[PDB]
Structures are given as C-alpha cells and as structure tokens.
C-alpha cells in the first residue's frame, strides 16, 4: 500500500467497527429491501469504499468522507426513522464526521 491507502484503510476499519453486524458491508438488494434501486439512485457501501481504496480511486479524505456520507444518507432516506438501519446510520454518520473532522485532519497534516 501507499501511505494514503493506509490512512483510508484505518478510517474504514474504525467506521466498520461501529457496524458489528455488517449492515453496510455490501450493496442493499431489492430482495431484502423492496424498491431500493429506484429510491436510492446513488448506492454506496463499505465494500465499494474498500474497493475504491484498493483501486487507488480516492484523491483525498474529503472524497472518502463524501462516499461515507452518501452511504449513511441513503440509509436514512430509504428506511423509516424507527428502524435499526436509520438509527445506526445516524449514529455513525455523526461519529465518522467527528473522527475525520477538518480539525483532526489539520493536526494530522501538522504531524508530517
């Protein structure tokens, strides 16, 4: 790996740790979630994010964060507020954005 791949893999691992049951690990299928592919036109999941890291497709932590935000947003859009998926998405969106906050990235940038 390159260093940037290492940093992204670290963040991804930290995020995945917040999803022990692997809800966000792979794309949501219509067989599990009726209408999903019509409601969510921009699907995303941690597997796809890993693959983009491996294929070296991310230029920046901002790009990585945007895919994470999309993933959580999709879950909060498709699922009703009282569901496990909505509540978990909400919790991890906020936690992940704190973990990768502008301030934390600035201190990391300083430490080089």
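Positions refer to the first chain, counted from 1.
Original post:
Between 50-58 and 66-74, which has the larger average Cα B-factor in the PDB entry?
Top reply: According to the PDB entry, the answer is 50-58.
**OP:** Give the stretch, out of 93-101 and 14-22, with the larger mean C-alpha temperature factor in the deposited entry.
**Re:** Comparing 93-101 with 14-22, the higher average CA B-factor belongs to 14-22.
Subject >> Chain-relative CA temperature factor third for residue 83 >> reply: It falls in the top third of the chain.
**OP:** Relative to the other modelled residues of the same chain, rank the CA B-factor of residue 27 and answer lowest, middle or highest third.
**Re:** According to the entry, residue 27 has a C-alpha B-factor in the chain's lowest third.
Original post:
Among the chain's modelled residues, which third holds the C-alpha B-factor of residue 34?
Top reply: Tercile = highest for this residue's CA B-factor.
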